[PDB]
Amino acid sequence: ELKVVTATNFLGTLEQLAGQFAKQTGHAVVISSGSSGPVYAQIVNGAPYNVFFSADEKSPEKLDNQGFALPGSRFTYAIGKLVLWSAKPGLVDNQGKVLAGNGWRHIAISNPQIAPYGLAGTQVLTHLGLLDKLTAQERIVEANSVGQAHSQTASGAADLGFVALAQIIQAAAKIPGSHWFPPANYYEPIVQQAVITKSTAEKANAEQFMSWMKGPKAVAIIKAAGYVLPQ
């Protein structure tokens, strides 16, 4: 009974992974999710999780340094891809020029202090010189996770949103609405690391799952969700 907590970007992908791991091994996983910052704080506050999938390297690195992570268990399990998305077809152009105009109301951006996909979206606005203007105009609506940014954008509560590719890519590889991938030099890469929680009471099972996460079937599921893997 492995208890796994994930940054919200990776929830849907982890559900797919957990389903496949259960089919192969008979082991069931209990998934929890939240923004990377708050999940880190819950772990430091003794939350009884076995494995943590962050949306960054910083939280796993801090847990390792502070003695909360099992030594040697930290690794990069996926590299995300930031997307500017709208549920409305035709609103987001393929060069992101929409961001500099007034043809939309709000943009959902997860809180950059706690959600790495929010940090990435904020970095894109800084790269374009639009963060100050959109902040002054009160057009940025702070979401508490990229799960919430995606929810707000998917319902149209926000005309635009900065989300994870995994949240919007479909089984056939299509993406509904409209979208723009900010180039890789517009934000720092979203390098996602995982750790085993040192206090786990299921060490062997946690290590088995962490090993499986690097294997061919897990990697194929991760890539199908639009993530990349270290070269």
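The numbering used is simple: start at 1 and walk along the sequence shown.
Mean C-alpha B-factor is higher over 43-51 than over the other stretch, the pair under comparison being 43-51 and 190-198. Stretch comparison (114-122 versus 98-106) by mean CA B-factor in the PDB entry places 98-106 on top. The PDB entry gives the largest Cα B-factor of the residues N205, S35, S178, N185 to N205.
Take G90, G161, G80, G129 and read off each C-alpha B-factor from the entry; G90 has the highest. Among all modelled residues in this chain, the alpha-carbon of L2 has a temperature factor (C-alpha) in the highest third. Remark: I222 belongs to the lowest third of its chain, ranked by C-alpha B-factor as recorded.
Annotation for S73: CA B-factor lies in the highest third of the chain's modelled residues. The deposited CA B-factor of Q167 belongs to the lowest third of values across its chain. In the deposited entry, the Cα temperature factor of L11 places it in the lowest third of its chain's modelled residues.
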